[PDB]
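Each remark here refers to the structure printed beneath this line.
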Amino acid sequence: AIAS
Amino acid sequence: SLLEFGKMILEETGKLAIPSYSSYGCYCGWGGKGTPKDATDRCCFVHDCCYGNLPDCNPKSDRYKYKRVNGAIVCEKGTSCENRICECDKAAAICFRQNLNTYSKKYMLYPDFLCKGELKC
């Protein structure tokens, strides 16, 4: 997926 | 890229960037409005602003390199975008570290409608  | 920003966050905060900072406050992970809820959220807000300065780069997918010199994050030479992106992440990670003490769980999975207000970079 993702972080900020 | 998202793979690196993530690993960077873990080393720094011992927290998995996936739960922890993917749906925190108003700017952690998506998010594009309102007033940051706290420091950590401010961090994300800035990080998101940081990416805003690189219109023609691709943060989420361009990979870069970085080493640690005694824990000091060091962005290595790469493309102009990669270097700049690496710097933006670097900051976020430090920010996160610096505010661990105020990380609040009540800000995980925060509902959209609670993010009201306006804020410019």
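Some points to look at:
- Amide H to amide H distances under 5 Å link B:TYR66 with B:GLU76, where only residues 5 or more positions off or on other chains count and H is placed in the peptide plane.
- Restricting segment B:91-121 to trypsin sites (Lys or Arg not before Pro) in coil, as DSSP defines it, with at most 11 other Cβ within 10 Å: B:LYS116, B:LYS120
- Dipole magnitude of the protein assembly as shown, debye to nearest 20 (Cβ charges: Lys/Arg +1, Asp/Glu -1, about Cα centre): 240
- Sparse-neighbourhood loop sites, chymotrypsin sites (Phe, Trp or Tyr not before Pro) in segment B:13-109 - DSSP loop, at most 15 other Cβ within 10 angstrom: B:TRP30
- If you plug the beta carbon distance of B:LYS15 and B:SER80 into 1/(1 + (r/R0)^6) with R0 = 25 Å, you get a FRET efficiency near 0.25.
- Per-residue Cβ neighbour rank within 10 angstrom, fewest leading, B:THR35, B:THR102: B:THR102, B:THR35
- Annotation: amide H of B:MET108 within the under-5 Å range of B:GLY25, sequence separation 5 or more or interchain, hydrogens built in the peptide plane.
- Longest exposed-site-free window of chain B, the sites being GluC sites (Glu not before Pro) in a DSSP loop that have at most 12 other C-beta atoms within 10 Å: B:1-75
Heads up, the Cβs are rebuilt from the backbone with ideal geometry, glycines too, and the neighbour counts pull from every protein chain shown. Computed from the coordinates by the stated procedures, all read-outs in this text should not be read as laboratory data.
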